[PDB]
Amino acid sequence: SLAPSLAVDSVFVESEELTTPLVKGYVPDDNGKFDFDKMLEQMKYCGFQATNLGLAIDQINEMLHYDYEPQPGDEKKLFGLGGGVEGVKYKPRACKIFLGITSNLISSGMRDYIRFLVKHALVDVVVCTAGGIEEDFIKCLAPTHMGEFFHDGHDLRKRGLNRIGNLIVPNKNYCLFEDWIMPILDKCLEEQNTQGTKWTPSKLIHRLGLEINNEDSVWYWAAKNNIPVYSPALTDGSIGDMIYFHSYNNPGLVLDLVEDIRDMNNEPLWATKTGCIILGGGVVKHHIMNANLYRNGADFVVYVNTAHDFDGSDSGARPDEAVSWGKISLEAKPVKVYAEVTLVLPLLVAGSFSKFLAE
């Protein structure tokens, strides 16, 4: 017959002519050569989350390269200056950068990428939950092993093997942590009692960083570079266990949240611009983004996480939700990559931080 006219008209509508960029991947070379830099450059034009990874690289580079001319009479406010450690290259920046990491990222090999950022003061403030605090120190005492996601936990428990995803922390590691930290907690309580020291999570994490005295440790580098590290639920993990058992041997330690919320929420107020790089969700994400409401919004933003907004969670909220709160500025152009961080962070570092440090 003749096809229905409504179908013809609906399937074959006219379209606007577009001048936007085109979708195009990197073409691997016909001789087997593989150009990683062209691969990385084309991610922005590959679509779906590869495109968001490219936009996130762009966003971090805007943080690293932001500059301005101070108002008459003002001096320039700079960040990333470092703690003057011999031989360590630092690069001053006009944008202050906050890093949030979930604890499992320190369990993973991302620890080595994060350490690189903190060693060179390429971020200025870190928020990390308690697991990521303690496991950085524990890794200076004993390693975490490769395992598998599907191995019966009954068998692991009978062997004293604690599972974190497809990783294994033998429980002996925590006995070694106990041996290391108990004399430090004794000294901290002695200083509280005799010198009036008022402990908070950030002050304790600074002290533990100096104590571990080991260049393999992220929080050692944070302490050496005077990078504050906040962790308002610092007792939610093995450090909490150590505080628990310590307190029956030596009672009276106080760990205060109030001083640390003053200090955290004041962190974004001096800088001309702030950038936030949030790897994972939960407390570290809300703590950083809420602090940035105090300056009427973060100016540059990257989220990388596996959450989605359909459950109403803070973890899953899009950057757009944070705009409604004032936690992201009205002028920002934020980026979320929907991905597991171990697949993403290495290429983010290659495309932004490392290139910047090489200038």
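Residue positions are given as counts along the sequence shown, with the first one as 1.
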query: Higher-B stretch (mean Cα B-factor, as the entry records it), 131-139 or 187-195; finding: 187-195
query: Stretch with the higher entry mean CA B-factor, where the candidates are 339-347 and 14-22; finding: 14-22
query: Highest-ranked of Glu321, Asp299, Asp314, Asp37 once sorted by CA temperature factor in the record; finding: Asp37
query: Residue selected from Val304, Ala56, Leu330, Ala291 by maximal Cα B factor; finding: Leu330
query: Third of the chain's Cα B-factor distribution that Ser103 belongs to, per the entry; finding: lowest
query: For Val27, the third of its chain into which the C-alpha B factor falls; finding: highest
query: Assigned third (lowest, middle, highest) for the C-alpha B factor of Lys96; finding: middle
query: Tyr68 - which third its CA temperature factor falls in, relative to the rest of the chain; finding: highest
query: B-factor third for the C-alpha atom of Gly237 within its chain; finding: lowest
